[PDB]
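In the form deposited in one PDB entry, a lone chain appears below as structure tokens.
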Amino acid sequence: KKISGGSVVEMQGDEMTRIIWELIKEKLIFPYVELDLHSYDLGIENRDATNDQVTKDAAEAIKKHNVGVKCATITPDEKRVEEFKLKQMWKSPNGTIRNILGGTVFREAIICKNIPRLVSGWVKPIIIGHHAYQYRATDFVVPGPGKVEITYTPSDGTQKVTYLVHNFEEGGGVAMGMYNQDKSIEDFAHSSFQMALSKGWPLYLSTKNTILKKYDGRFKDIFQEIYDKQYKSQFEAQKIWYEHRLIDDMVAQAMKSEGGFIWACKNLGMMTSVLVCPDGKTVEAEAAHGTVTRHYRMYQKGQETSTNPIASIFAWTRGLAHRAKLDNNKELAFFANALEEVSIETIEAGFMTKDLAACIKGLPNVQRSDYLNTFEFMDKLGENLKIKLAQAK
């Protein structure tokens, strides 16, 4: 028998990533895991045909079943409108999903010890998070001389404060009002603490509390208040810690570190993007790359392609590990981790796609024998996964 995986929302996408997404299911997921699969086709022709209703239904399904795994999708522009003869310039599916779900986006690189890195000392992955909806900022044109003031009027009427933003004396310009609700800062803190707990790494928040004393100071304060009143014991029980750092000081210390921390910031086929909702229940994983149009155009002309599926595979493993965590499914938790180990071990043993071979040898030096095409790489992952799971019994 296969592992009973439970309830998973799956989102199909476009171009080359749509092809490798089906190969991940066909060769790595379905031969070992049985799922109550809620599949939504977020392909550009389907989103056009349904007037983007499929994206909204897919977003509601993630809210209901707590686990979303998404394939890369085309965000329409004037060229795509002309290419597919679209009805509208459909909004980014990711934006629509994010708007309905809410949460914090965390990006994480997949580290293969034999693959070159910007900072060679980084041996453990760094996870970088930014809170999701400057979007809700009121900007405007100042047509000429005059004063721009910002006023705060409490609900009872009393303790009203007016601040001069600028007195324009020699002409016009622009001005804007920006805000941040406490709830959004608390959600950002929760998603960050819950992320650091599920990973088992220390958490660092970086602000500019020296430039924006009051604005960024409330981020530093809220994160500390939630840490002491709700997470300090859980962090100590997992030997990790939370600390705030100034961005200038944080960048400098990060270079001298070996990575392996969650980095909360106030302001390619080896990187994931995971939306972590404040509830600590709902997660949506996807590769942090696009649909790889250039490889898809080669595929369309009968040319052999060599597309890296690691980021797409890790969207499945991060989502399945989360599904296993919610359901206390030990066999699924094991599978999700074994698939990640196999992916890294295969590249570390020298079996990789052309892009990774180019990172090592340099593109002009890459020979056909230095890499595997899309299918051969998936088959090598499939053999190693069969072996790894057969050893585990």
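Definition used throughout: the rigid core is the maximal C-alpha set that superposes within 1.5 Å between two forms. Only residues modelled in both forms are compared. Numbers follow the displayed sequence, beginning with 1.
Below, we turn to the form deposited in another entry, even though it does not appear here.
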### Task
Quick one: lay the two forms over each other on the core and tell me which of 151, 303, 92, 114 moves its CA by at least 2 angstroms between this form and the one not shown.
151
### Query
With the core lined up, does the C-alpha of residue 288 move 2 Å or more between this form and the one not shown?
no
### Query
Fitting the rigid core first, would the Cα of residue 142 be found 2 Å or more away between this form and the one not shown?
yes
### Message
Would residue 105 count as moving between this form and the one not shown, using a Cα shift of 2 angstroms or more after superposing the core as the test?
### Response
no
### Consecutive stretches, 3 or more residues long, displaced between this form and the one not shown (C-alpha shift of at least 2 Å once the core is aligned)
137-181
